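A short worksheet on the structure shown next.
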Amino acid sequence: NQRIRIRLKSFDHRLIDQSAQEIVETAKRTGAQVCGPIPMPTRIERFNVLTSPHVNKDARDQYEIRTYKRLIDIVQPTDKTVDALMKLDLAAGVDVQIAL
Amino acid sequence: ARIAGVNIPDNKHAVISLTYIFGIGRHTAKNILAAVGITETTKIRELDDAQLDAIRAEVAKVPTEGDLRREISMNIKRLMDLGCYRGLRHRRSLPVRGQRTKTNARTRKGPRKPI
Amino acid sequence: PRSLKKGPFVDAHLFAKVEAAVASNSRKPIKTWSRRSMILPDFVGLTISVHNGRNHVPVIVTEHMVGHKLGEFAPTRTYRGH
Amino acid sequence: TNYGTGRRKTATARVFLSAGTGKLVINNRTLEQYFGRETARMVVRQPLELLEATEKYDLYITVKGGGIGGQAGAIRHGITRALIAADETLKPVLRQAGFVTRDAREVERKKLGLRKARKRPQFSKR
Amino acid sequence: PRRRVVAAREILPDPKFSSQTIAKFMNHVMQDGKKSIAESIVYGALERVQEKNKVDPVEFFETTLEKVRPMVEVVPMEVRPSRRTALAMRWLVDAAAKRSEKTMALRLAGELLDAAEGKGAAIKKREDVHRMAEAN
Amino acid sequence: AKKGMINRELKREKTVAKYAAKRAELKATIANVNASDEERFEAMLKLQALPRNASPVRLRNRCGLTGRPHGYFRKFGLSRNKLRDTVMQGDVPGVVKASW
RNA sequence: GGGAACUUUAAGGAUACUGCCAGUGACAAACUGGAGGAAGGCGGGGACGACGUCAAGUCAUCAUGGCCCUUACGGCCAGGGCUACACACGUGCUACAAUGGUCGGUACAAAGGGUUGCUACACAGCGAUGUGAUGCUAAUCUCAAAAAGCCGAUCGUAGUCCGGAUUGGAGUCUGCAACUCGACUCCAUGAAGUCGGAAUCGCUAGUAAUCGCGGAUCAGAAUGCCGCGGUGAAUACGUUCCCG
């Protein structure tokens, strides 16, 4: 009863789905059943920044940043699956957490 | 009736009528009524003389009118004589608890005095 | 006000001075800048020169003053009228 | 048997329609228990009273989100969609009554420099 | 506006009587979005008038509305029909507000019955409009 | 800001970091129920006898580039002027103009 | 247990284009009415601000020409001040009550924050809070009680069971430290205020009005600012005058 949990975090959804698709494709090639990827709710943070150097309270820029999360489950893992997962490259801008 | 030297309203509930006495609020009235077992919705006009005497006995336990006013006056006079910061504010008839005075001190300063 | 579980607050350098005076009996005013120190029962009968931002004003401690801050008897602003 | 989904002001209602006596439960509660005000109860019942079919169907309803008015509107929309799914010939009558339209009105966001969506702070020439 | 003609906003019929007149009266009564309170006030008065004379609530209300309806404003000119009804409801709510009774519903029913016999501040204001129209 | 103010901030940070451990020890000893009232009392006296700059409440957040003491935005560590400039140049990952 | 139906979560797509019918305008650009459709003529909102004007604002974010100080106009420290108070003005909050106040019971959200943090539950306290303890690096645990709403009782038009300023007395918490000068809790007190002149402001639909909820800054300290949802109106004949 060994299950592998993969969590992906990023600031760029196109990157995060590219990485998730690559991981899923590799796992399917190795010969293990996978579940996902499952999109978790996105986090959004906003800021209001005054633009003028001295006094204009109504002159502000509104910025935002988003955090995207993906969840992937691997069930019935073959022996080659794990070593393939550490052989898999790490792309900048996407953070990966693996739990056994 | 007359309680503690005060004519409380006759056609009101007891818990509301007892608040007409200085030094007694809603919480104190509730506590007094619960200590003599009279329902809060009963008006004082359907109260027996014995119940009124019991209420008078309960009321005398707390400071109500003359002692309370005397003690407040003494407390203020002590500060004014000692000359601390609060005493000076009491002397000048200005806000005492750190409020702004550039505007909005009308309760302590009375109506506006033209220049 | 300061929580009762912590006790009153007195500056150590002022506490040492008053304790030394009371162990002795010197009537010399104690010069201090500690407007925030609490007046204790040991303070009664002493003269303390409290700073008020510009000068040191003398205060003679009586029984009625116990429980107050030293700064309440040294006003910092000057006002006489408009 | 038939299914419908209704939406109104962030409220979503799932409606399951069958044939029966007329039982109606919302979130394991009766209509009068769930809705306190009469107009909310009337809005829910409007489609069946219009069709004169108050007695031939049984309803199983769940609903989440929004307030009482939004939830009543969502339930009405879901019932209308369930009836349409059950019989396509009923669509002209319900569309004429106006029940098939999804009301897209929604709360407008607060805007920078304003107290509300449109309200502006008080201003003075003087 | 200046260039366009904006269509009037159609209001839904009252879900209990299917009466746009009753719905408009409820909207006139309602304050700051409290529709339930206005519904209770209006329905209570409609039931009260029904008991104090056994008449249909809708018909009795339309007849009283037509009685308290003006005919002219103020420069004399003929008031369009919608403004007539809008002005009659305002008078009927304003005058009903000033009576002395336990609830707004009872005051509304009482002055509806009073106006049904032509006795009320709304009808008096109507006669005032008649007089000042005779003035012009 | 001025070099004197920046150096003051640096000195206060150094003092806080130096005295961090003993302050926590004394606070734990004060909070200790099992310890004697006397132990807690001398613990409190020692805490009051610690230097003033050891207290974290005297630290003020300043911009990491200019030293400005207003508009800090803990997340980026920069004041509003530098945050605006750098975000609009594109050197902050993930931050974009916000519209909704 | 189980299921992959539904809601939702979130990536990619489809759809709306005067497409169809009728009348008009020139016979064009267009315009008016109807069907279908979730939506019909720009469906709603946001960001994006041409050539230029104001010697407009900022040498105190920063950079920079020139001028000035160099045992001081530089640097360090403790205490005080920026919180003053006969007055005038701007922007707000809370009220003057019955479409309401209080008490008991009982429903329905969205968005956002949490490891120097948020805390289930138990005990102690009238209460702010304290102690023990549990889960959470979070669609998993938590802040968290939504409030207006509905049902029942009571108050009966009174400066009141409206209002909640001011002051007296007890406390809690953050912090080395709440005197000048913090927030909150309890007992007592119970001010003006009866809908406000000349004049003047905002708003055309999920808008105005009203009700609550969250965050940045931040040891502590919002009636301000930036967001979120609940309930939900009235009126537009027209350009004769006011402003641009």
Side-chain angles (χ1 to χ4, degrees), chain D residues 7-11 34-44 46 63-76 98 103-124, chain E residues 1 6-49 57 61 64-65 68 82-112 115 120-122 125:
Chain D
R7 287 201 195 79
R8 175 78 158 99
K9 280 183 147 188
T10 75
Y34 196 83
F35 281 127
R37 35 194 300 218
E38 301 288 338
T39 79
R41 281 196 283 265
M42 303 279 341
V43 162
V44 173
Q46 274 187 238
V63 64
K64 294 175 167 179
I68 66 201
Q71 284 191 347
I75 293 162
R76 189 183 81 180
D103 196 330
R105 287 183 295 171
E106 80 152 4
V107 176
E108 208 196 317
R109 59 161 280 194
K110 190 192 162 319
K111 301 208 215 334
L112 173 70
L114 307 169
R115 297 273 165 74
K116 292 168 81 185
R118 313 256 180 125
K119 197 222 199 163
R120 191 167 297 270
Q122 167 167 297
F123 154 77
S124 167
Chain E
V6 277
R9 173 143 26 214
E10 43 280 86
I11 62 102
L12 272 37
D14 155 45
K16 159 184 214 218
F17 282 179
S18 292
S19 187
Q20 301 188 357
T21 327
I22 296 301
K24 203 75 161 121
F25 198 56
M26 279 188 358
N27 285 15
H28 277 283
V29 173
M30 153 185 59
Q31 280 157 50
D32 41 35
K34 290 164 136 306
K35 200 74 154 287
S36 279
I37 300 185
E39 281 157 355
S40 97
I41 298 188
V42 172
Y43 288 159
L46 294 198
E47 307 309 338
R48 264 293 326 295
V49 306
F61 175 84
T64 342
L65 226 61
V68 203
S82 169
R83 179 161 245 271
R84 268 206 217 79
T85 296
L87 251 170
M89 281 173 208
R90 231 175 289 164
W91 297 341
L92 288 150
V93 296
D94 285 36
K98 274 134 19 163
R99 326 164 50 86
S100 68
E101 227 179 3
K102 295 302 145 223
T103 37
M104 195 72 177
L106 296 179
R107 294 166 258 232
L108 194 63
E111 212 177 306
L112 269 180
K125 197 262 172 43

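Numbered from 1 within each chain, the chains take letters A, B, ... in sequence-line order. All values below were derived from every heavy atom in this structure, side-chain atoms included, with hydrogens, water molecules and symmetry-related copies excluded.
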How long is the gap from [atom1] on [X] to [atom2] on [Y], to the nearest 0.5 Å?
X: E/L106; Y: E/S100; atom1: CG; atom2: OG; value: 11.5 Å
X: E/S18; Y: E/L12; atom1: OG; atom2: CG; value: 10.0 Å
X: E/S36; Y: E/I41; atom1: OG; atom2: CD1; value: 11.0 Å
X: E/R48; Y: E/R107; atom1: CZ; atom2: CZ; value: 12.5 Å
X: E/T64; Y: E/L92; atom1: OG1; atom2: CG; value: 8.0 Å
X: D/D103; Y: D/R76; atom1: CG; atom2: CZ; value: 9.0 Å

Beyond-backbone contact of [X] with [Y], side-chain heavy atoms, under 4.5 angstrom:
X: E/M104; Y: E/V29; value: no
X: E/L46; Y: E/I22; value: yes
X: E/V93; Y: E/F25; value: yes
X: E/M30; Y: E/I37; value: no
X: D/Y34; Y: D/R41; value: no
X: E/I11; Y: E/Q20; value: yes

Can you confirm whether more than 12 heavy atoms, excluding those of D/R109, are under 6.0 Å from its CZ atom?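 It does: D/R109 CZ has more than 12 such atoms within range.
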How about NZ on D/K64, more than 12 heavy atoms from neighbouring residues, nucleotides or ligands closer than 6.0 Å, or not?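 No - once you tally the heavy atoms of other residues, nucleotides and ligands closer than 6.0 Å, there are 12 at most.
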Minimum heavy-atom distance between [X] and [Y], given as atom pair plus value:
X: D/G113; Y: D/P121; result: O-CD, 3.8 Å
X: D/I68; Y: D/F35; result: O-CE2, 3.8 Å
X: E/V68; Y: E/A88; result: O-CB, 3.8 Å
X: E/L108; Y: E/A96; result: CD1-CB, 3.9 Å

State, without any angle test, whether E/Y43 and D/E38 hold a side-chain donor-acceptor pair at a distance under 3.5 Å.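 There is no such pair (donor and acceptor under 3.5 Å, judged by atom type) between the side chains of E/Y43 and D/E38.
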N/O donor-acceptor pair under 3.5 Å between D/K110 side chain and D/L114 backbone: yes
Do any N or O atoms from the side chain of D/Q71 and from the backbone of D/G65 form a donor-acceptor pair under 3.5 angstrom?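 The answer is yes, because a donor-acceptor pair under 3.5 Å joins these two groups.
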Could you walk me through whether D/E106 and D/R8 pass the side chain to side chain contact (heavy atoms under 4.5 Å, CB included) check? CA-CA 9 Å; D/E106 80 152 4; D/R8 175 78 158 99; over 6 Å; no
Go through the steps for E/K35 and E/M26 under the test side chain to side chain contact (heavy atoms under 4.5 Å, CB included), then give the verdict. CA-CA 8 Å; E/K35 200 74 154 287; E/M26 279 188 358; 4.1 Å; yes
Is the shortest distance from a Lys or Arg side-chain nitrogen in [X] or [Y] to a carboxylate oxygen in the other one below 4.0 Å?
X: E/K16; Y: E/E47; answer: yes
X: E/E39; Y: D/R37; answer: yes
X: D/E108; Y: D/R118; answer: yes
X: E/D32; Y: E/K34; answer: no

Side chain to side chain contact (heavy atoms under 4.5 Å, CB included) partners of E/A121, counting only residues at least two apart: E/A95
Between E/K24 and E/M89, is the side chain to side chain contact (heavy atoms under 4.5 Å, CB included) condition met? List the steps. CA-CA 9 Å; E/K24 203 75 161 121; E/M89 281 173 208; 4.0 Å; yes
